[PDB]
Amino acid sequence: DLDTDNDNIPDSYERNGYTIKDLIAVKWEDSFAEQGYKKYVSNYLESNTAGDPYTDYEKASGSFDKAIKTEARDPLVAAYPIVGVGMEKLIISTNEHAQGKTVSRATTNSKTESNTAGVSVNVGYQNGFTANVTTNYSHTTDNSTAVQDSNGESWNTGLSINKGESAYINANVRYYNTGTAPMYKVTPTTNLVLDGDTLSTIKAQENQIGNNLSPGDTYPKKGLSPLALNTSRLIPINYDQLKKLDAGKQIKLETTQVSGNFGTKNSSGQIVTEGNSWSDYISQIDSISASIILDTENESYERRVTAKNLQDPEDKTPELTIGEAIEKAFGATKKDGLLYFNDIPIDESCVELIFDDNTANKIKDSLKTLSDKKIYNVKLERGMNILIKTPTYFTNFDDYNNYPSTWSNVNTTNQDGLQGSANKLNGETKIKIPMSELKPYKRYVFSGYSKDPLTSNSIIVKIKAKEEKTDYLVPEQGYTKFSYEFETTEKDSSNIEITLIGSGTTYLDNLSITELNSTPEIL
Amino acid sequence: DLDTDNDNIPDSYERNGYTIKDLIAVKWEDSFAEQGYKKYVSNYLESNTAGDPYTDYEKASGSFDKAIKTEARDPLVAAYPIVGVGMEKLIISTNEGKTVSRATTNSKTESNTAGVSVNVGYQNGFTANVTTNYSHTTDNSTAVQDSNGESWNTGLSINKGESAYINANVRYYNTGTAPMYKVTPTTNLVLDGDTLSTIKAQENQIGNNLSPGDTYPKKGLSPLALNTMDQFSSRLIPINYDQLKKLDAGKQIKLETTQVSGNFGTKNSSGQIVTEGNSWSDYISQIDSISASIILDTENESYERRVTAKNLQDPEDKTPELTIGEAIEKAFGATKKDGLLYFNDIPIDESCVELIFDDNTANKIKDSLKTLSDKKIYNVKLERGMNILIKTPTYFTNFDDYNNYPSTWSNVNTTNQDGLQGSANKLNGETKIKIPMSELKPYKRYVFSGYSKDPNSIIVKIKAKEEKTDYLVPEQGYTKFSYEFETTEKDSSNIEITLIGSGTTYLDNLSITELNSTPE
Ligand SMILES: [Ca+2]
Ligand SMILES: [Ca+2]
Ligand SMILES: [Ca+2]
Ligand SMILES: [Ca+2]
Ligand SMILES: [Ca+2]
Ligand SMILES: [Ca+2]
């Protein structure tokens, strides 16, 4: 009944109930939950709940641009375009025109690789902190290129460079967008950085790309030829970074400044993109909201959710926990105590959580007074960065099981697990997962949960690879988390074996294998 | 409720303390401290107490652009941006070819503490240091890194009459409480007074906005090289043989940004943000000649604020006067508990950190300290034209809950209550501390400060690049003492501090701060 800002939704509805249907607003009474209606929250002193250029009525009723992802319909999630720059194939040639000695290798681009290259796990996690801290944090704008089809051969042999001259560097690139917003006049600037030595900056301009970049869409639309860097000239190199590229180091490719417009619906007809720009609302959006990155093993996402400053009594904004922020940002079906993706069971004990130092200190300070000892029941504060890594393989001895092979000596007729059922242990437990299902020259982490209701009934684990190891683990009365690294080798090697021997009392649950980063191959 | 200046705040509420809740202004009742509210005071003749474009109510109610810091919420602190430039790498080639590449570290406040002079024993209640040359956070100084004694011309076969070329890596930062929309720097480059070449950059080549605390090369990214410049695309900065021989000696490259320009954000009826008609040109001249400057330097970050103050000899202005401590608490996000100020966890006080004034205001502080009876420098009034710098120690102990040293002090007992603040040490025997060079920066200048009392002789011994032993007789009260030393490179020995007393003496608040960088 009371209106304050320039929105049709009243003051009494802008807290504790938000339903919008047939372009009018009605409250929430938990009765139309499964008819496609949801409940939101917003402020009451500002027209825009975030820094986006849409009002809270204009973004929670569908009366805005149709190209925006539907997860940004919630007023606590801001539309934000993030353009990243990807590499596919590296071509080196020794001519300045476009014959000569040329080599060409096939690479894969990794998005969240420099973020999690400074993560080292412990054998046991003290207190209830079930997450690790990274040395540095980077968003999904930079990429690291890993060469796969590379036998033992130097780059200098294929070019025959003696003292002072060198060859030229050409590449194949693509232009991805991972966020809940499109751009229209896309003009990105990107450094091609080799460990601090900026070789060149590529600017795509306008006519080489087109007048659109839809969210979740590259410029080569799925199955198409990649964009080579010839259509605005070649990139040179010298004979001091060739052995630097040869021995251990990899080419980083990072965008720095990205310019573009946005579309607003006019009075009469379709959208316009002339008098708008995504360069002014970026500073407004980034100074109020947090930053959550989700890394599914086939695609990546990154969102900004507005938070609450707890050292302010005047500030009236909604406050969220970590799990509610994840559910509102990425979209998650709420199963019985669980958060679900389309097929991925994200939770606090089924993924890997990465924070930087300030976020880790804030969470470790806040977890002392919590009465439930879980990460997801932590209040959100403005200015933290969270990374979620979905493991490649994960089983919980339940309806979800996607390991390439099957285990041995597994009994599932029990119910005293962390999430429902568990695995009774009697003797040995073996798994021989082959190298053909594993990416070569990487680093992997095997993580799991253990529980034994006895005094000193321990277990031994053993990981067999090129760098094999054996470990001894003692459990406790409660559920304890263990993590162990191993490193892989090229595709012409043996299988990866994981063995563990118990003593007939211990219980295990939530066994997962995830990837961390790439190791340098000796060349 | 009579209103002389139109800002929808009554003059009776504006003269005393007042606060804002539920988007209305109410008086101060001295009971909102535990809830989280704060008190404000503003002039009643002018709608804008400071020279900022925002009015009193808009600044004091948080209705401005949300990109500024929340420490500019009070109307007595201006909100204007102070951008700066730092330099992180050096590449020299003789090509218009050999190439030499080295790494450098930048310091924001290094010309501020270049000319300070330390002394043993402070013969007043002043307990502070006086500098000769004052430089803000806009100026910055760069220092070279590990070269193993190699000459800078042994890789470049250049004789007299030829010119080498400078290629550098530049990182742009902000240290204020305002975003800098449409930034355009016009920075310089000086070596022993000689401007080699100015450096000019435009809006649409670096980040168009600079939010206040962010960086144009983002954290985890790479610095912006000057080879990726429009005007530095075919020529570089020339260098003669005399200039490179000066750099080979004890000299360093400093960078000072002279003048910047751009707009600021506002609010619109139809849209939200426009940054065209506004400008940060005619407002900086109002801010810089009406207020006083405070600089804080914590071990990872520096801040610079400007706080408006009452003029002395002119009754005609009614700006609210402040003490030094209240202005320090208002300028930064400082929380006061038990009579002590804490910024976030690092303490700031008159006896805990090293505070430096310039030469013009130290006489004013010393003359105002004679009339005061508390004999503390955090109680003197603030006038127009004071310059304060605060340096927090890297290592500091008070024999209490706060400790930062990487090695435990030997022979320490804190079961007393007769100290200056909290518990204190008793030197029944002698205290010793070893500290390794891996925990310290190489080729720097450090000072070590503390407080001693004897209700006897105290012999101090510092092992450094020059070992120094000295004697000090303490008085019945408390006197601040300090001793300077210098360090050596990374692969040298450790650093020893030994303090031997007489049995009936007390020590408190032992700190080590960094001042300068010695030339190699
Ligand atoms: Ca409303
Ligand atoms: Ca509203
Ligand atoms: Ca289970
Ligand atoms: Ca006023
Ligand atoms: Ca007024
Ligand atoms: Ca003390």
# chains A, B, ... in the order shown; residues from 1 in each chain; ligands from 1
>>> interface_residues(of="chain A", to="chain B", cutoff="10 Å", atoms="only C-alpha atoms", output="number ranges by chain")
A: 45-48, 51-54, 114-115, 135-139, 141-142, 164, 189, 191, 193-201, 252, 254-259, 279-288, 310-316
>>> residues_around(residues="range 106-123 of chain B", least_positions_apart="5", cutoff="10 Å", atoms="only C-alpha atoms", output="MDAnalysis selection string")
chainID B and resid 84:89 128:144 171 175 253:255 295:297 301:303 356:358 389 391 447 449 472 479:484 514:517
>>> write_last_selection(atoms="N, CA and C atoms", output="compact mmCIF listing (two decimals), in the first residue's frame")
# COMPACT_ATOMS: atom_id res chain seq x y z
N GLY B 84 47.67 7.43 -8.84
CA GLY B 84 49.11 7.35 -8.80
C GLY B 84 49.62 6.29 -9.75
N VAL B 85 50.92 6.34 -10.00
CA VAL B 85 51.59 5.47 -10.96
C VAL B 85 52.78 4.82 -10.27
N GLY B 86 52.97 3.52 -10.50
CA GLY B 86 54.13 2.82 -10.01
C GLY B 86 54.81 2.07 -11.14
N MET B 87 56.06 1.71 -10.91
CA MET B 87 56.90 1.11 -11.94
C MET B 87 57.53 -0.16 -11.40
N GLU B 88 57.40 -1.26 -12.16
CA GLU B 88 57.72 -2.59 -11.66
C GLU B 88 58.81 -3.34 -12.43
N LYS B 89 59.20 -2.88 -13.62
CA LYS B 89 60.22 -3.59 -14.38
C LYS B 89 60.99 -2.59 -15.24
N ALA B 128 57.60 12.95 18.47
CA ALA B 128 57.34 12.80 17.05
C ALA B 128 58.60 13.17 16.27
N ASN B 129 58.53 13.02 14.95
CA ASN B 129 59.64 13.30 14.06
C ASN B 129 59.24 14.36 13.04
N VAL B 130 60.24 15.13 12.59
CA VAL B 130 60.03 16.25 11.68
C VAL B 130 60.79 15.96 10.39
N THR B 131 60.10 16.07 9.26
CA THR B 131 60.70 15.87 7.95
C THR B 131 61.02 17.21 7.29
N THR B 132 61.82 17.14 6.23
CA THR B 132 62.22 18.32 5.47
C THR B 132 61.48 18.45 4.15
N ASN B 133 61.38 17.37 3.39
CA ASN B 133 60.66 17.36 2.12
C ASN B 133 59.40 16.52 2.27
N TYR B 134 58.26 17.11 1.94
CA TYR B 134 56.96 16.44 2.06
C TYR B 134 56.46 16.10 0.66
N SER B 135 56.14 14.83 0.45
CA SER B 135 55.59 14.35 -0.81
C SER B 135 54.39 13.46 -0.53
N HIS B 136 53.35 13.60 -1.34
CA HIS B 136 52.11 12.86 -1.13
C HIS B 136 52.24 11.46 -1.73
N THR B 137 51.11 10.75 -1.81
CA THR B 137 51.08 9.43 -2.43
C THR B 137 51.14 9.48 -3.95
N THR B 138 50.99 10.66 -4.54
CA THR B 138 51.11 10.80 -5.99
C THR B 138 52.54 10.55 -6.45
N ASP B 139 53.50 11.13 -5.74
CA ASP B 139 54.91 10.82 -5.96
C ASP B 139 55.19 9.40 -5.48
N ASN B 140 56.07 8.69 -6.20
CA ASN B 140 56.52 7.39 -5.73
C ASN B 140 57.94 7.13 -6.21
N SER B 141 58.63 6.23 -5.51
CA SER B 141 60.03 5.95 -5.77
C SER B 141 60.24 4.47 -6.03
N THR B 142 61.12 4.16 -6.98
CA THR B 142 61.39 2.79 -7.38
C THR B 142 62.80 2.39 -7.00
N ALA B 143 62.96 1.15 -6.55
CA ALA B 143 64.25 0.61 -6.14
C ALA B 143 64.52 -0.69 -6.88
N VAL B 144 65.77 -0.87 -7.31
CA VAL B 144 66.19 -2.05 -8.05
C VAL B 144 66.27 -3.25 -7.13
N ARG B 171 52.16 0.33 -13.53
CA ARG B 171 50.95 -0.14 -12.86
C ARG B 171 50.25 1.06 -12.23
N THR B 175 44.42 5.71 -4.42
CA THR B 175 44.56 5.67 -2.96
C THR B 175 43.65 6.70 -2.32
N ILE B 253 64.99 6.02 -9.92
CA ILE B 253 64.00 6.64 -10.80
C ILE B 253 62.71 6.85 -10.02
N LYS B 254 62.24 8.09 -9.99
CA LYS B 254 61.00 8.46 -9.31
C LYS B 254 59.95 8.84 -10.34
N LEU B 255 58.68 8.61 -9.99
CA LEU B 255 57.57 8.95 -10.87
C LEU B 255 56.57 9.82 -10.12
N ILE B 295 48.01 11.14 5.92
CA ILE B 295 48.45 9.96 5.18
C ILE B 295 48.69 8.84 6.17
N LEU B 296 48.21 7.64 5.85
CA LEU B 296 48.47 6.44 6.64
C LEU B 296 49.17 5.41 5.77
N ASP B 297 50.13 4.69 6.34
CA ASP B 297 50.92 3.72 5.58
C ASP B 297 51.02 2.40 6.34
N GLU B 301 49.30 -1.38 2.38
CA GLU B 301 48.46 -0.40 1.70
C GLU B 301 48.64 0.98 2.32
N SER B 302 48.52 2.01 1.49
CA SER B 302 48.59 3.39 1.92
C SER B 302 47.29 4.11 1.59
N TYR B 303 46.94 5.08 2.42
CA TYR B 303 45.74 5.90 2.23
C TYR B 303 46.09 7.37 2.43
N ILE B 356 54.89 11.56 11.59
CA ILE B 356 55.83 12.52 11.04
C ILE B 356 55.05 13.73 10.53
N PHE B 357 55.45 14.91 10.97
CA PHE B 357 54.93 16.16 10.44
C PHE B 357 55.97 16.80 9.53
N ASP B 358 55.55 17.82 8.79
CA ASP B 358 56.49 18.62 8.03
C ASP B 358 56.98 19.78 8.89
N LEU B 389 51.72 12.36 8.61
CA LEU B 389 51.99 11.04 8.05
C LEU B 389 52.11 10.03 9.19
N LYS B 391 53.24 6.11 10.05
CA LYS B 391 53.94 4.90 9.66
C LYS B 391 53.74 3.87 10.77
N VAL B 447 64.51 1.80 11.99
CA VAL B 447 64.65 2.40 13.31
C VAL B 447 63.91 1.51 14.30
N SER B 449 62.29 1.61 18.22
CA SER B 449 61.81 2.57 19.20
C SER B 449 61.14 1.86 20.37
N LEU B 472 71.93 4.34 28.09
CA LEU B 472 70.79 5.21 28.32
C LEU B 472 70.38 5.13 29.78
N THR B 479 60.05 8.03 28.77
CA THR B 479 60.69 8.77 27.70
C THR B 479 60.86 7.84 26.50
N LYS B 480 60.47 8.32 25.32
CA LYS B 480 60.58 7.52 24.11
C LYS B 480 62.00 7.58 23.56
N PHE B 481 62.58 6.42 23.29
CA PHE B 481 63.93 6.34 22.74
C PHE B 481 63.90 5.57 21.43
N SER B 482 64.87 5.86 20.57
CA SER B 482 64.94 5.24 19.25
C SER B 482 66.38 5.19 18.77
N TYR B 483 66.70 4.14 18.02
CA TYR B 483 68.03 3.94 17.45
C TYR B 483 67.90 3.43 16.02
N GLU B 484 68.74 3.95 15.13
CA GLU B 484 68.68 3.59 13.72
C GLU B 484 69.77 2.57 13.38
N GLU B 514 60.40 0.77 9.20
CA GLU B 514 61.25 0.95 8.02
C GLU B 514 61.16 2.39 7.55
N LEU B 515 62.31 3.00 7.27
CA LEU B 515 62.37 4.42 6.92
C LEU B 515 62.82 4.65 5.48
N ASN B 516 63.98 4.13 5.09
CA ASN B 516 64.59 4.51 3.82
C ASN B 516 65.21 3.27 3.17
N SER B 517 65.89 3.50 2.05
CA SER B 517 66.63 2.46 1.34
C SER B 517 68.02 2.99 1.04
>>> select_by_dssp(residues="range 232-333 of chain B", states="alpha helix (DSSP H)", output="list in words")
residues 241, 242, 243, 244, 245, 246, 247, 248, 284, 285, 286, 287, 288, 324, 325, 326, 327, 328, 329, 330 and 331 of chain B
>>> select_by_dssp(residues="range 137-366 of chain B", states="strand (DSSP E or B)", output="ChimeraX atom specification")
/B:139-144,164-174,181,187,190-191,194-195,215,224-225,237-239,254-257,263,291-297,302-308,323,335-337,340-342,347-348,354-357
>>> residues_around(residues="residue 378 in chain B", least_positions_apart="6", cutoff="9 Å", atoms="only C-alpha atoms", output="CSV table (one decimal) with C-alpha atoms, in the first residue's frame")
chain,number,residue,atom,x,y,z
B,323,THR,CA,41.3,17.4,17.6
B,324,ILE,CA,44.0,15.3,15.9
B,325,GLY,CA,42.6,12.1,17.4
B,326,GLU,CA,39.0,12.8,16.4
B,349,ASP,CA,48.2,5.8,18.6
B,350,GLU,CA,50.6,8.5,19.6
>>> residues_near_ligand(ligand="ligand 4", cutoff="6 Å", atoms="only C-alpha atoms and all ligand atoms", output="PDB file with N, CA, C and O atoms, in the first residue's frame")
ATOM      1  N   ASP B   5      20.919  27.365   5.427  1.00  0.00           N
ATOM      2  CA  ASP B   5      21.401  26.688   4.232  1.00  0.00           C
ATOM      3  C   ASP B   5      20.415  25.588   3.865  1.00  0.00           C
ATOM      4  O   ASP B   5      19.980  24.824   4.733  1.00  0.00           O
ATOM      5  N   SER B  42      28.314  19.584  11.180  1.00  0.00           N
ATOM      6  CA  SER B  42      28.505  20.296   9.926  1.00  0.00           C
ATOM      7  C   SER B  42      28.232  21.781  10.120  1.00  0.00           C
ATOM      8  O   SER B  42      27.553  22.196  11.061  1.00  0.00           O
ATOM      9  N   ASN B  43      28.779  22.575   9.203  1.00  0.00           N
ATOM     10  CA  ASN B  43      28.609  24.020   9.222  1.00  0.00           C
ATOM     11  C   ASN B  43      27.179  24.346   8.798  1.00  0.00           C
ATOM     12  O   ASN B  43      26.552  23.612   8.030  1.00  0.00           O
ATOM     13  N   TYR B  44      26.660  25.463   9.314  1.00  0.00           N
ATOM     14  CA  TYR B  44      25.282  25.861   9.058  1.00  0.00           C
ATOM     15  C   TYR B  44      25.151  27.086   8.160  1.00  0.00           C
ATOM     16  O   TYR B  44      24.027  27.438   7.789  1.00  0.00           O
ATOM     17  N   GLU B  46      26.830  27.216   5.151  1.00  0.00           N
ATOM     18  CA  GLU B  46      27.005  26.692   3.804  1.00  0.00           C
ATOM     19  C   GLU B  46      26.349  25.324   3.693  1.00  0.00           C
ATOM     20  O   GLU B  46      26.415  24.518   4.626  1.00  0.00           O
ATOM     21  N   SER B  47      25.704  25.077   2.549  1.00  0.00           N
ATOM     22  CA  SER B  47      25.084  23.778   2.305  1.00  0.00           C
ATOM     23  C   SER B  47      26.132  22.680   2.184  1.00  0.00           C
ATOM     24  O   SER B  47      25.926  21.558   2.661  1.00  0.00           O
ATOM     25  N   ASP B  56      25.207  18.261   2.031  1.00  0.00           N
ATOM     26  CA  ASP B  56      25.382  17.730   3.381  1.00  0.00           C
ATOM     27  C   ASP B  56      24.499  16.509   3.618  1.00  0.00           C
ATOM     28  O   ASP B  56      24.955  15.500   4.169  1.00  0.00           O
TER      29      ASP B  56
END
>>> residues_near_ligand(ligand="ligand 1", cutoff="6 Å", atoms="only C-alpha atoms and all ligand atoms", output="PyMOL selection string")
chain A and resi 3-5+7-11+44
>>> write_last_selection(atoms="N, CA, C and O atoms", output="short mmCIF file (atom, residue, chain, number, x, y, z; two decimals), in the first residue's frame")
data_model
loop_
_atom_site.label_atom_id
_atom_site.label_comp_id
_atom_site.auth_asym_id
_atom_site.auth_seq_id
_atom_site.Cartn_x
_atom_site.Cartn_y
_atom_site.Cartn_z
N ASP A 3 4.35 3.22 -1.24
CA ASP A 3 5.32 3.27 -2.32
C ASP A 3 6.38 4.32 -2.00
O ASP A 3 6.04 5.44 -1.60
N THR A 4 7.65 3.95 -2.17
CA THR A 4 8.75 4.87 -1.91
C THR A 4 9.58 5.16 -3.16
O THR A 4 9.80 6.32 -3.49
N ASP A 5 10.04 4.12 -3.86
CA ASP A 5 10.88 4.30 -5.03
C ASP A 5 10.01 4.38 -6.29
O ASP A 5 8.78 4.50 -6.22
N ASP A 7 9.00 2.14 -8.41
CA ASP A 7 8.58 0.79 -8.78
C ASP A 7 7.14 0.59 -8.32
O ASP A 7 6.73 1.13 -7.30
N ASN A 8 6.39 -0.20 -9.09
CA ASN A 8 4.99 -0.43 -8.77
C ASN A 8 4.81 -1.33 -7.56
O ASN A 8 3.74 -1.30 -6.92
N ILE A 9 5.81 -2.13 -7.21
CA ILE A 9 5.70 -3.08 -6.10
C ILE A 9 5.77 -2.33 -4.78
O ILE A 9 6.70 -1.52 -4.58
N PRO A 10 4.84 -2.54 -3.86
CA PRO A 10 4.78 -1.72 -2.64
C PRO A 10 5.89 -2.06 -1.65
O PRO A 10 6.65 -3.02 -1.81
N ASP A 11 5.97 -1.22 -0.61
CA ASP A 11 6.99 -1.37 0.42
C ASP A 11 6.81 -2.65 1.23
O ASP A 11 7.80 -3.31 1.57
N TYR A 44 14.11 -1.41 -0.23
CA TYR A 44 12.95 -0.55 -0.40
C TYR A 44 13.31 0.92 -0.54
O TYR A 44 12.40 1.75 -0.71
#
>>> residues_near_ligand(ligand="ligand 5", cutoff="10 Å", atoms="only C-alpha atoms and all ligand atoms", output="PyMOL selection string")
chain B and resi 2-15+41-49+55-57
>>> residues_around(residues="residue 17 in chain A", least_positions_apart="5", cutoff="7 Å", atoms="only C-alpha atoms", output="MDAnalysis selection string")
chainID A and resid 27:28 39:41
>>> closest_atom_pairs(of="chain A", to="ligand 3", cutoff="12 Å", atoms="only C-alpha atoms and all ligand atoms", output="Markdown table")
| residue | atom | partner | partner_atom_place_in_ligand_line | distance |
| --- | --- | --- | --- | --- |
| A:349 | CA | ligand 3 | 1 (Ca) | 10.8 |
| A:350 | CA | ligand 3 | 1 (Ca) | 10.5 |
| A:394 | CA | ligand 3 | 1 (Ca) | 10.8 |
| A:395 | CA | ligand 3 | 1 (Ca) | 7.8 |
| A:396 | CA | ligand 3 | 1 (Ca) | 4.0 |
| A:397 | CA | ligand 3 | 1 (Ca) | 5.0 |
| A:398 | CA | ligand 3 | 1 (Ca) | 6.1 |
| A:399 | CA | ligand 3 | 1 (Ca) | 9.5 |
| A:400 | CA | ligand 3 | 1 (Ca) | 9.5 |
| A:401 | CA | ligand 3 | 1 (Ca) | 10.7 |
| A:411 | CA | ligand 3 | 1 (Ca) | 11.6 |
| A:412 | CA | ligand 3 | 1 (Ca) | 8.9 |
| A:413 | CA | ligand 3 | 1 (Ca) | 11.2 |
| A:414 | CA | ligand 3 | 1 (Ca) | 9.5 |
| A:415 | CA | ligand 3 | 1 (Ca) | 8.3 |
| A:416 | CA | ligand 3 | 1 (Ca) | 8.6 |
| A:417 | CA | ligand 3 | 1 (Ca) | 5.3 |
| A:418 | CA | ligand 3 | 1 (Ca) | 5.8 |
| A:419 | CA | ligand 3 | 1 (Ca) | 4.6 |
| A:420 | CA | ligand 3 | 1 (Ca) | 5.3 |
| A:421 | CA | ligand 3 | 1 (Ca) | 4.5 |
| A:422 | CA | ligand 3 | 1 (Ca) | 4.5 |
| A:423 | CA | ligand 3 | 1 (Ca) | 7.5 |
| A:424 | CA | ligand 3 | 1 (Ca) | 10.9 |
| A:448 | CA | ligand 3 | 1 (Ca) | 10.7 |
| A:449 | CA | ligand 3 | 1 (Ca) | 9.5 |
| A:450 | CA | ligand 3 | 1 (Ca) | 10.9 |
| A:451 | CA | ligand 3 | 1 (Ca) | 11.9 |
| A:479 | CA | ligand 3 | 1 (Ca) | 11.9 |
| A:507 | CA | ligand 3 | 1 (Ca) | 10.1 |
| A:508 | CA | ligand 3 | 1 (Ca) | 8.1 |
| A:509 | CA | ligand 3 | 1 (Ca) | 5.0 |
| A:510 | CA | ligand 3 | 1 (Ca) | 5.9 |
| A:511 | CA | ligand 3 | 1 (Ca) | 8.9 |
| A:512 | CA | ligand 3 | 1 (Ca) | 11.7 |
>>> residues_around(residues="range 329-341 of chain A", least_positions_apart="3", cutoff="10 Å", atoms="only C-alpha atoms", output="PyMOL selection string")
chain A and resi 70-74+76-78+180+292-294+301-305+323-326+344-348+419
>>> write_last_selection(atoms="N, CA and C atoms", output="compact mmCIF listing (two decimals), in the first residue's frame")
# COMPACT_ATOMS: atom_id res chain seq x y z
N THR A 70 17.83 -16.52 -17.82
CA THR A 70 16.70 -16.44 -16.90
C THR A 70 17.10 -16.50 -15.43
N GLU A 71 18.34 -16.86 -15.12
CA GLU A 71 18.83 -16.84 -13.75
C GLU A 71 19.04 -15.43 -13.22
N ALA A 72 19.08 -14.43 -14.09
CA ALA A 72 19.18 -13.03 -13.69
C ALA A 72 17.82 -12.38 -13.48
N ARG A 73 16.74 -13.17 -13.48
CA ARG A 73 15.42 -12.61 -13.20
C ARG A 73 15.28 -12.23 -11.73
N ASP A 74 16.03 -12.87 -10.85
CA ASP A 74 16.02 -12.53 -9.44
C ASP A 74 16.68 -11.17 -9.23
N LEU A 76 18.33 -9.90 -6.84
CA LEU A 76 19.60 -9.91 -6.12
C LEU A 76 20.76 -10.42 -6.97
N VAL A 77 20.52 -10.73 -8.24
CA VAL A 77 21.57 -11.11 -9.18
C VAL A 77 21.64 -10.06 -10.28
N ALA A 78 22.82 -9.49 -10.47
CA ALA A 78 23.02 -8.40 -11.41
C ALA A 78 23.47 -8.92 -12.76
N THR A 180 25.55 -13.40 -17.17
CA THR A 180 24.12 -13.21 -17.45
C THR A 180 23.84 -11.88 -18.15
N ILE A 292 31.13 -15.30 -7.32
CA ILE A 292 31.08 -16.75 -7.21
C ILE A 292 31.37 -17.34 -8.58
N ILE A 293 32.36 -18.23 -8.64
CA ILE A 293 32.71 -18.95 -9.86
C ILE A 293 32.35 -20.42 -9.65
N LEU A 294 31.68 -21.02 -10.62
CA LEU A 294 31.37 -22.44 -10.61
C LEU A 294 32.07 -23.10 -11.79
N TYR A 301 30.94 -21.02 -15.16
CA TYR A 301 30.01 -19.93 -14.90
C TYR A 301 30.61 -19.00 -13.86
N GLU A 302 30.20 -17.73 -13.90
CA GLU A 302 30.62 -16.76 -12.90
C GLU A 302 29.53 -15.71 -12.72
N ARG A 303 29.19 -15.43 -11.46
CA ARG A 303 28.10 -14.53 -11.13
C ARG A 303 28.53 -13.58 -10.02
N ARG A 304 27.81 -12.45 -9.94
CA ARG A 304 27.98 -11.47 -8.88
C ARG A 304 26.66 -11.31 -8.14
N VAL A 305 26.67 -11.59 -6.84
CA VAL A 305 25.48 -11.49 -6.00
C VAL A 305 25.71 -10.39 -4.97
N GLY A 323 24.77 -20.94 0.79
CA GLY A 323 23.97 -21.87 0.02
C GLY A 323 22.80 -21.21 -0.68
N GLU A 324 22.15 -20.26 -0.01
CA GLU A 324 21.06 -19.52 -0.65
C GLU A 324 21.58 -18.65 -1.79
N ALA A 325 22.78 -18.09 -1.64
CA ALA A 325 23.38 -17.31 -2.71
C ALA A 325 23.70 -18.18 -3.92
N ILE A 326 24.22 -19.39 -3.68
CA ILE A 326 24.51 -20.33 -4.76
C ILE A 326 23.23 -20.74 -5.48
N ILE A 344 24.36 -32.32 -11.54
CA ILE A 344 25.54 -32.23 -10.68
C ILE A 344 25.08 -31.97 -9.25
N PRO A 345 25.43 -32.83 -8.28
CA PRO A 345 25.03 -32.59 -6.90
C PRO A 345 25.99 -31.71 -6.11
N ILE A 346 25.88 -30.39 -6.28
CA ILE A 346 26.70 -29.43 -5.56
C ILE A 346 26.23 -29.34 -4.12
N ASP A 347 27.17 -29.41 -3.19
CA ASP A 347 26.90 -29.33 -1.76
C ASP A 347 28.19 -28.86 -1.10
N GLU A 348 28.24 -28.85 0.24
CA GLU A 348 29.48 -28.46 0.89
C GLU A 348 30.45 -29.62 1.06
N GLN A 419 25.51 -38.91 4.02
CA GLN A 419 24.31 -38.64 3.23
C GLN A 419 23.66 -39.99 2.93
>>> closest_atom_pairs(of="chain B", to="ligand 6", cutoff="6 Å", atoms="only C-alpha atoms and all ligand atoms", output="Markdown table")
| residue | atom | partner | partner_atom_place_in_ligand_line | distance |
| --- | --- | --- | --- | --- |
| B:398 | CA | ligand 6 | 1 (Ca) | 3.9 |
| B:399 | CA | ligand 6 | 1 (Ca) | 5.4 |
| B:421 | CA | ligand 6 | 1 (Ca) | 4.4 |
| B:422 | CA | ligand 6 | 1 (Ca) | 4.8 |
| B:423 | CA | ligand 6 | 1 (Ca) | 5.0 |
| B:424 | CA | ligand 6 | 1 (Ca) | 5.2 |
| B:508 | CA | ligand 6 | 1 (Ca) | 5.2 |
| B:509 | CA | ligand 6 | 1 (Ca) | 5.6 |
>>> residues_around(residues="range 308-317 of chain B", least_positions_apart="4", cutoff="12 Å", atoms="only C-alpha atoms", output="PyMOL selection string")
chain B and resi 41-46+48-52+74-79+286-294+321-324+326-327+330-331+364+381-386
>>> atom_distance(atom1="CA of residue 470 in chain B", atom2="CA of residue 426 in chain B")
19.7 Å
>>> residues_around(residues="residue 188 in chain B", least_positions_apart="5", cutoff="7 Å", atoms="only C-alpha atoms", output="list in words")
residues 197, 198, 199, 255, 256 and 257 of chain B
>>> closest_residue(among="A:121, A:91, A:409, A:319", to="residue 234 in chain A", atoms="only C-alpha atoms")
A:91
